[PDB]
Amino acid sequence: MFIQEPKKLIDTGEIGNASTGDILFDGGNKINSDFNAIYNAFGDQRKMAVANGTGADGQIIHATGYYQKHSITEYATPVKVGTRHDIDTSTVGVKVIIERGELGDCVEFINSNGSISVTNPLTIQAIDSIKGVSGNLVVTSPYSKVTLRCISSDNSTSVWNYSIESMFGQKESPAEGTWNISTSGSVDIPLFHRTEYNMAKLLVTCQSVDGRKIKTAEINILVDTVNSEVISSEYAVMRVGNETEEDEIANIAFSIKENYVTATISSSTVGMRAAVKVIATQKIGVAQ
């Protein structure tokens, strides 16, 4: 037979305490904190002032990363490591201070509007110091890219070093490598199509398999497109195993072959190697 148990009543005072509500609230907040962290590291932070960076014009993850636009008053306090800044010194130079760092910490600056100049510079103070710099780093190169990295921290020593580069320009090299001079005693090395550059600068170093013979030379070449030729000026020639003070070890000539500015390297010595590298170029663009 059924022997009932006394009356039981649902404790309405236990509809909380680590139950959904508590977990979803604590979870969501954590999730939001993390995403805000990520989005603000790769997106425009100025959007946070609107729906917390949401909406049709809200924050997005830039695969290229993002450089923040901050105000003067905001730079009154040390910047955190890992941040990126797009500096604007249009109305006045700005100073940025970087908090003490640890080995590998980095901070990068960009100058999209090209406001950086000698009168309105970008002054950087990296907590403690910057190597090779007395005091603050003063940047006056417009449209520049400055990267600061901490090269020593341990404890009481926080030292940084920096790099400064142009954001824009044609810096590419059309050719760099090493080629063998075939048994025929000559090798053609295509440098670039006749229409890519008007002028190029290259370094050529030829050495025998045993290093007894070697020559190096710097060459500036001019592309004469109208006559389909290439003028050259070889200088700073240096040789080591030259049998005669007239013995070249290796001759370098230029011309256009198959519409490609081409370097022709030949040598008497057998088993000669030749390193060719284009370290500069100039292309006449459009004025302005």
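Start at 1 and count along the sequence shown; that's the residue number.
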Item to check | Selected stretch [higher average CA B-factor]: 86-94 or 148-156 | outcome: 148-156
Next on the checklist: Can you tell me whether 253-261 has a higher mean C-alpha B factor than 49-57 in this record, or the other way round?
Outcome noted: 49-57
Checklist entry - So among 44, 247, 229, 234, who wins on Cα B-factor in the entry? => result 247
Item to check | Most elevated Cα B-factor in the entry, residues 123, 183, 141, 111 | outcome: 183
Item to check | Where the record places residue 116 (Cα B-factor, split into thirds across the chain) | outcome: lowest
Next on the checklist: Based on the deposited C-alpha B factors for this chain, I'd like to know if residue 79 is in the lowest, middle or highest third.
Outcome noted: middle
Checklist entry - So where's residue 279 on the chain's Cα temperature factor ranking, which third? => result lowest
Next on the checklist: What third of the chain does residue 72 rank in for C-alpha temperature factor, lowest, middle or highest?
Outcome noted: highest
Next on the checklist: Ranking the modelled residues of this chain by C-alpha B-factor as given in the entry, is residue 201 in the lowest, middle or highest third?
Outcome noted: lowest
